[PDB]
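Shown next as structure tokens: one chain only, the form deposited in one PDB entry.
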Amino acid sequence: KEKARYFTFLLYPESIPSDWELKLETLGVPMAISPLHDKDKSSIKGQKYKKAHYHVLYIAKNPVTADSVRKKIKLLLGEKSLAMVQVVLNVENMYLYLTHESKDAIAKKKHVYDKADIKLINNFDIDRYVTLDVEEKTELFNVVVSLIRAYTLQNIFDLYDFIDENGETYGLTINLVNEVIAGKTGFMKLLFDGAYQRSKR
């Protein structure tokens, strides 16, 4: 299933303990807690505001799937604590949505929130998540290698097709691999050469 490093979920005060804030910290995970949403427009005719809720941005180190994260926070708070967990694809925009200031929330006239009420937890630094510095690129590259080995990918088109089909399972996009393999084309040639010989074995 879909595997990513960045996830999000919602919390409602009525159905989680008062101490929820610190129990979130027990996990040792970077998290951004949005300002409480008590002024959101309700789709229910006859109602003014949606139930007050928090948005939570959740960062694992090793890429993990969606159910994993749903499972531990459900265990952490109670089984009546949550429903589903979203996989976040542009965390920079989801961070902005916490204040309804993302390019789509400001676009649909959603209630804006105060960015000072954002509480960051466990050294949440948004900038390290949108940049993917050298150490991350090396791990991503080694992944691409194992993919070319496993599925005997003979050229970059075969690789591209495979990423289109199964990219998210390993946290990969085409524009991502372009960045990762940039300046490594000679290495890329050796792998494709090897794959090529392996497929006439």
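Just so we're on the same page, rigid core means the largest C-alpha set that superposes within 1.5 Å between forms. Numbering starts at 1 and runs along the sequence shown. Residues that one form lacks are left out of the comparison.
- Per-stretch averaging of Cα B factors for 66 to 74 and 51 to 59 places 66 to 74 on top.
- The PDB entry records a higher mean C-alpha B factor for 165 to 173 than for its counterpart among 139 to 147 and 165 to 173.
- Among the modelled residues of its chain, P17 has a C-alpha B-factor that falls in the highest third, as given in the PDB entry.
- Sort the modelled residues of the chain by CA B factor and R198 lands in the lowest third.
- Sorting the modelled residues of the chain by their CA temperature factor places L96 in the middle third.
- In the PDB entry, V130 places in the middle third of its chain by CA B-factor.
- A83: CA B factor lies in the highest third for its chain, per the PDB record.
Beyond the structure shown, there is the form deposited in another entry, which is absent from this document and is the topic of what follows.
- In this overlay on the rigid core, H53 has a C-alpha that sits less than 2 Å away from its partner position between this form and the one not shown.
- With the core superposed, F9 shows a C-alpha displacement below 2 Å between this form and the one not shown.
- Relative to the shown form, the CA atoms of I73 and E139 are pushed 3 Å or more farther apart in the other form.
- CA of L176 to CA of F124: closer by 3 Å or more in the other form than in the shown form.
- Legend: core-fitted overlay between this form and the one not shown; highlighted is 132 to 201, the single run of at least 3 consecutive residues with CA shifts of 2 angstroms or more.
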